[PDB]
Structures are given as structure tokens and as C-alpha cells.
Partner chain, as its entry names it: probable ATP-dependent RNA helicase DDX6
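Let's start with one chain on its own, the form solved without its partner chain, as C-alpha cells.
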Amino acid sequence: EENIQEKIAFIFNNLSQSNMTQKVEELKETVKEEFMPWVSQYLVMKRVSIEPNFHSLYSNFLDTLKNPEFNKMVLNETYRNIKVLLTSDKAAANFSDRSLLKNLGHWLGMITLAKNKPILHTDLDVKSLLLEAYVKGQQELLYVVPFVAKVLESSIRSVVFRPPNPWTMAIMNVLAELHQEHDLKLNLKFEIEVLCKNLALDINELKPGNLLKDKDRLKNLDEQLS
């Protein structure tokens, strides 16, 4: 077992676009079906979470392996690790956890929306997450707003989910409401502005509603930050 984990780490340490096909064959020779859950956990927790510069590489690796059961495992593990961070105790000074969450969000977008696959509300209700963060305060917004931005960055690269996709725009319009708030941190207003630019959207053309004034709705959300 330890011998096989070593080989897996060696392969991901030495994976490049140019040797991708060969490393995929070697991985398949190495990882038996019973090992794929461990490999999915390793990829997400130890690689994707802290190697955002190689997210395209690792996404391309999944496309080359062409194992849909593995892909499902990786997606489930992505959601699981996101949830670990979403339900953690939040501090501004915890730059590490915030970065892990942003990276997992970036990856999540890349393996769902950018591949024209949905983020299902049963896995993660993104709109509700924003509303809950608002209710719970600035410390939650500091984690959640940059996370949602990293997810939605992928939408522009999707023929399905690019604006004006209604699912995407519903989230953008909640971000537009948050952007209006007097005491939303300027750094987070900027995060929202950068997301708009990344999506070729003018923030001023968005349609903020009144969800943040709906106190009964806000009091009764299905909680995701605990």
C-alpha cells in the first residue's frame, strides 16, 4: 500500500502536458479500482488544493484518463473538502484556509461549469451560501465572496453557463446586492468588480433585487456554513 501511494505521488510530482499520455498509462497500470477513492482524495486534498497553477494540467489529466467513476469521486471529494472549510471557524488572519477554499472553488468551476456540467443545488447552493454569509457577518463574507468568484470565473468559458444563463445571473444579481452594502469591505466590492470584468459584464447593468432585505428568508436558510 505505501509502495503504491509513493508511486502515485511520484507520478503527480512529475506530470506535465508533454508526458501526460504516458503518465496516465502508468497510473492506470498502478492504480487498481479499489485504490481510486484514495487517489481521488490525494488529488483533491494534496494537489488541487494548493497547486492552482496546475489546475489546467490536472483537469486535462481527468479528460485523458476518461474514467467517469473516478471523475465522480473527484467531484464528491471537491465538495467534501469545500464543506470542511465552509464550516470551519473563520478568521481574517487565516490566509491559508482562505486560499485553500479559493483554490478548491477555482477547481470546482473548472470541472463543472467549464465542462458544461452543473453545480447542483443538492451539492452546493451557491446563492444561498451568499445570503447566509451576509447574515452571519463580515468574517463569513471574507471567505465566501472570493470563493464564489473563483467558481464563477469558469462560467464565461461555458457555452451553457456564460451570461446571460439564468443560474449564473441569479448569483451575479445577489453579488450586485452585496456590492451595494454600506459596510461590505472595499476589498470584497473589488472582488465582485473583478469577477464582473472576468465575465465581460458591466456591474452597472446587473439587476440587484431585495433579497438582503428579506429577513424571513434570511432567517430560514438551509445552512451551509454550519
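Under this definition, the rigid core comprises the largest set of C-alpha atoms superposing within 1.5 Å between the forms. Positions refer to the first chain, counted from 1. Shifts are known only where both forms have a C-alpha.
Just so it is clear, the following notes concern the form solved in complex with its partner chain, a form of the same protein that is not shown.
Heavy atom within 4.5 Å of its partner chain in the deposited bound form - residue from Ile119, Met110, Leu101, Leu141 | Looking at the other structure, the residue within range turns out to be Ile119.
Is there a heavy atom of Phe161 no more than 4.5 Å from a heavy atom of its partner chain in the deposited bound form?
-> The answer is yes: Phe161 has a heavy atom within 4.5 Å of its partner chain.
Is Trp167 close to its partner chain in the deposited bound form, meaning a heavy atom pair under 4.5 Å apart or at it?
-> So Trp167 counts as contacting its partner chain.
Looking in the deposited bound form, any heavy atom of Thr87 within 4.5 Å of its partner chain?
-> Yes - in the deposited bound form, heavy atoms of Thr87 and its partner chain come within 4.5 Å of each other.
Does its partner chain get within 4.5 angstroms of any non-hydrogen atom of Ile156 in the deposited bound form?
-> Outside the cut-off, so no.
Kindly indicate whether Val135, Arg217 and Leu221 are, all three, within 4.5 angstroms of its partner chain in the deposited bound form, using heavy atoms.
-> Yes: each residue has a heavy atom within 4.5 Å of the partner.
Compare C-alpha positions between this form and the one not shown after fitting on the rigid core and state which of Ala91, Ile156, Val84, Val135 moves by at least 2 angstroms.
-> If I go through the list carefully, the shifting residue is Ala91.
CA-CA separation of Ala93 and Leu124, closer or farther in the deposited bound form than in the form shown [shift of 3 angstroms or more] | Closer in the deposited bound form, by 3 Å or more.
Once you compare with this form, do the C-alpha atoms of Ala92 and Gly137 lie closer or farther in the deposited bound form, given a change of 3 Å or more?
-> Residues separate in the deposited bound form, at least 3 Å farther apart.
Which parts of the chain move between this form and the one not shown, counting only runs of three or more residues whose C-alpha shifts are all 2 Å or more after core fitting?
-> 91-95, 215-223 are the stretches that move between this form and the one not shown.
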